[PDB]
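Peer 1: Numbering (my numbering), first residue to last: 342 to 736. C-beta atoms are modelled at their ideal positions from N, C-alpha and C, and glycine is treated no differently.
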Ligand code: HEM
Ligand SMILES: CN[C@H](C(=O)N[C@H](CO)Cc1csc2ccccc12)C(C)C
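1. Between which two residues does the beta strand (DSSP E) containing residue 639 stretch?
2. Taking 7 Å as the cut-off, decide whether the C-beta atoms of residue 719 and residue 731 are in contact.
3. Thinking C-beta only, is residue 393 closer than 7 Å to residue 676?
4. Exposed or buried, what is residue 623 when buried is set at 16 or more other beta-carbons lying within 10 Å of its beta-carbon?
5. Which of the three DSSP states, helix, strand or coil, is assigned to residue 584?
6. Suppose the cutoff is 6 Å on Cβ atoms and the five residues either side in sequence are ignored; what does the same chain contact list for residue 579 look like?
7. Answer yes if the stretch 481 to 495 comes into contact with the stretch 534 to 546, meaning at least three C-beta pairs across the two stretches below 8 Å, and no otherwise.
8. Between residue 723 and residue 510, which are expected to be in contact by the criterion C-beta below 8 Å, what is the C-beta distance as a whole number of angstroms?
9. Apply the 10 Å Cβ neighbour rule to residue 502 and answer buried if 16 or more other Cβ atoms are within range, or exposed otherwise.
10. Can you tell me which of 451, 417, 626 puts its alpha carbon nearest to the alpha carbon of residue 401?
11. In this structure, how does DSSP classify residue 651 when only helix, strand and coil are distinguished?
12. What alpha helix (DSSP H) runs, 4 residues minimum, are completely inside the stretch 437 to 503?
13. Hey, residue 587 and residue 729: beta-carbon distance below 7 Å or not?
14. Since residue 629 is in the alpha helix (DSSP H), which residue starts that stretch and which ends it?
15. Report yes if the CB atom of residue 735 is closer than 7 Å to the CB atom of residue 514, and no otherwise.
16. Taking 7 Å as the threshold (C-beta atoms), are residue 658 and residue 399 in contact?
17. For residue 466, count the other beta carbons within 10 Å of its own beta carbon; 16 or more makes it buried, fewer makes it exposed. Which is it?
18. Hey, would you say residue 369 sits closer than 7 Å to residue 656, going by beta carbons?
19. When you compare the stretch 708 to 718 with the stretch 555 to 566, are there three or more beta-carbon pairs, one atom per stretch, that lie closer than 8 Å?
20. Could you check how far apart the C-beta atoms of residue 372 and residue 384 are, in whole angstroms? I think they sit under 8 Å.
21. Measure the Cβ-Cβ separation of residue 603 and residue 518 and say whether it is below 7 Å.
22. Does the Cβ of residue 396 lie closer than 6 Å to at least one heavy atom of ligand 2?
23. Less than 7 Å between the beta carbons of residue 426 and residue 403, yes or no?
24. Which residue wins for smallest C-alpha separation from residue 610, given the options 441, 551, 690, 536?
25. Whose C-alpha, out of 342, 439, 376, is nearest the C-alpha of residue 686?
26. Name the one or two DSSP bridge partners that residue 718 has.
27. Under the criterion of a Cβ to heavy atom distance below 6 Å, does residue 678 qualify as lining ligand 1?
28. Apart from the five residues just before and just after residue 355, which ones in its own chain have a Cβ nearer than 7 Å to its Cβ?
29. Tell me the DSSP secondary structure of residue 699 in three-state form.
30. Comparing the CB of residue 653 with every heavy atom of ligand 4, is any distance shorter than 6 Å?
31. Taking the Cβ atom as the reference point for each residue, do residue 567 and residue 529 lie within a distance shorter than 7 Å?
32. Buried or exposed: where does residue 346 fall if 16 or more other Cβ atoms within 10 Å of its Cβ makes it buried?
33. Of the choices 646, 597, 460, whose alpha-carbon is the least far from that of residue 376?
34. DSSP three-state call for residue 693: helix, strand or coil?
35. Please classify residue 342 as buried or exposed, where buried requires at least 16 other C-beta atoms within 10 Å of its C-beta.
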């Protein structure tokens, strides 16, 4: 076992990838690394190999609960269906799958479309400049998940505070991170209480009923599913949307090609998920439950692998000219939503939310450009997902 390399390679800056990722794919070897917290790990950079760590049966995500899990975050996160294996993974996903399928999300399309129109109504009337994050990205992603889940979006001034603590690598101290985590779990319980006495028609009303009526999940399990879907919908989705809007505003002909022929939106959304390296560095660690040889390494039983999914999204044996954004790319087998068993549940909700939002922003604002130099756009740091802090625009 080699001397561990400090991981992450450094602060992930803007939408840039550190050069070591490209070196590692070509070497075809895993990098023994020492991460800021938890066990030592093997970094996985190749697409062909990150697929294996993300979904192979010999790689466990539940067995990471019995370890000081290799991570960037100070405290280990209860990750709901993300931190479990079958059978519990099947049992937990079965309760939210149909509402997050392609069909169920298509039923949501008029509301997202109607909301995007109401948000773009707001910008049209107010005039430039607009911070697209405050006035478009956050309300659309925030109102969408709050409505589907049943969270009052009108309490966001309260859970946005706790929400960020779940993305923190270095931005928050350990005690503020744990304090925020408990506060969010308490408020989520405040929401589940209301569904016992006052059932609701939303994702939240339906899953408490499965707990009380079917015993399909535990109370901690119920709170876990509710928490990760608010984290994912309210923040992870907005980060990808603000990042994708930043990409299109700084490479404006790609914005102009999508605008002039808008029927490229499904590929353009897929390409935007592939090209933007949303993950600051790696996704959740897996631990081998037996020996798996990959990346020139015999990963032994109990050893951690860290999936560098954005590096796998630039893999040249898989995507041609992968460092160049191609909104017209037809076959786009990227891993921005994961791969296999833990493939992103809100995969379709992001697609419908992204394709509807980019198209109308372009359709309604054809002259839209950044109001500050692309380097002057502030970005989040010490967080698990990349996003601009603001997106000042003009049109
Ligand atoms: C652009 C926005 C998003 C991106 C890029 C994204 C990305 C991902 C990725 C990469 C994974 C797999 C992690 C792994 O395999 O280790 C995943 C799984 C998951 N996603 Fe997302 N996500 C986004 C938004 C959402 C939304 C809106 C929801 C639901 C409201 C959601 C819910 C989930 C859940 C529950 C899992 C765990 C699924 C499982 O464990 O089987 N995500 N997501
Ligand atoms: C796998 N999804 C990640 C995510 O949304 N991560 C967010 C912060 O890391 C929200 C989150 C915390 S636990 C958990 C469990 C399942 C889904 C989300 C979360 C992506 C950044 C790759």
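Peer 2: This is what the structure holds:
1. 638 to 640
2. yes
3. no
4. buried
5. helix
6. 478, 479, 482
7. yes
8. 5 Å
9. exposed
10. 626
11. helix
12. 438 to 441, 443 to 467, 479 to 490
13. yes
14. Careful: residue 629 lies outside any alpha helix (DSSP H), inside the beta strand (DSSP E) at 627 to 629.
15. no
16. no
17. exposed
18. no
19. no
20. 4 Å
21. no
22. no
23. yes
24. 690
25. 439
26. Residue 718 pairs with nothing; no bridge assigned.
27. yes
28. 720
29. helix
30. Among the ligands present in this structure, namely ligand 1 and ligand 2, ligand 4 is not found.
31. yes
32. exposed
33. 646
34. helix
35. exposed
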